[PDB]
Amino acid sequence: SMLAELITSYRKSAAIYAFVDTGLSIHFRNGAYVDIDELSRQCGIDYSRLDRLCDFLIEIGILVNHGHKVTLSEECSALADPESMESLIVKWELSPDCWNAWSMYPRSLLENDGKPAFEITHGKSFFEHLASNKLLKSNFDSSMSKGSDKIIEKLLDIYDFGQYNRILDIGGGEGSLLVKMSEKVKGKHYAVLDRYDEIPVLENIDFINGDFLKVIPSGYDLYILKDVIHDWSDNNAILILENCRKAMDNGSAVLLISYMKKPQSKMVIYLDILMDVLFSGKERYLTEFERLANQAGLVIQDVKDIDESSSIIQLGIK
């Protein structure tokens, strides 16, 4: 039934985490025809239990049965590459720390405090937890960097970044967006603000150990907030945009690169539940973004659609 399939949906995700995390997936790269007996003795997993996992992976369409050989479906080929966005997302999103948080989602809905499901579980915010668990932070940061690679060409096609001399990436993490921006747009001062215990060093990009909740550094032509605002409540979102305005001089711009809530925007609705559970954030309509900006003393000057589910918002003062 439809109800039975929705109830058991989680098993498909759990099996994919197993397929990637155990190291099974890497044996399926380049559409290789894999023998499960060889796979069992290579990866050191009991043949019977691996053969049973493979039957489930075949059933849900991850693997394809060729008779006496199994292959990774072309649609799911990214799982074979451990550095792929999808593989890295699987390794942090479906890891115990994030997976187990969903257990406390019902409690978080009833508590009527400020604490998300992830905070109830770990007694820490998501980013506070990442500071104490390097491997989880590495997989998160890397997946985000891989995410930036997918949209950078479109961004550079739809928006003129070359008109700005000094560009700061607020919560830019590894600084992947600006590293890739540098390859086309040359001769600019590029900085990235984020919470670093060890400050990363690249030459062509500067890095600042900062806190955008308290203060944002002044003297930049462009301030970028990519997938930052959706991590935060309305008051903290205003606090970041406020701190942006306080550091701004007229002629300077803020660019928001964000997922956009629309009526029946499937991918964004799916994402919105994760943002509640993991970050206590939310996906927002353009109308909501405008009010957050207006409250912070900023005005929307232009909106351009990257995707059917994401946009860039240019902000100024007045």
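Numbering starts at 1 and runs along the sequence shown.
Colleague: Quick check: 71 to 79 versus 186 to 194, which has the larger average CA B-factor in the record?
Modeller: Higher of the two, by average CA B-factor, is 186 to 194.
Colleague: Regarding 245 to 253 and 61 to 69, which shows the higher C-alpha temperature factor on average in the entry?
Modeller: According to the PDB entry, the answer is 245 to 253.
Colleague: Could you check 94, 228, 85, 201 and tell me which one carries the biggest Cα B-factor in the deposited entry?
Modeller: It is 201.
Colleague: Give the position of residue 258 by CA B-factor within its chain, expressed as the lowest, middle or highest third.
Modeller: Lowest third of the chain for residue 258's C-alpha B-factor.
Colleague: Report the third (lowest, middle or highest) to which the CA temperature factor of residue 140 belongs, ranking only the modelled residues of the same chain.
Modeller: Lowest third - that is where residue 140 ends up once the chain's C-alpha B-factors are sorted.
Colleague: Sorting the chain's modelled residues by C-alpha B-factor, tell me whether residue 50 ends up in the lowest, middle or highest third.
Modeller: Within its chain, residue 50 is a lowest-third residue by C-alpha B-factor, going by the deposited values.
Colleague: Hey, what third does residue 43 fall into on Cα B-factor, ranked over its chain?
Modeller: CA B-factor rank for residue 43: highest third.
Colleague: Based on the deposited C-alpha B factors for this chain, I'd like to know if residue 148 is in the lowest, middle or highest third.
Modeller: Tercile = middle for this residue's CA B-factor.
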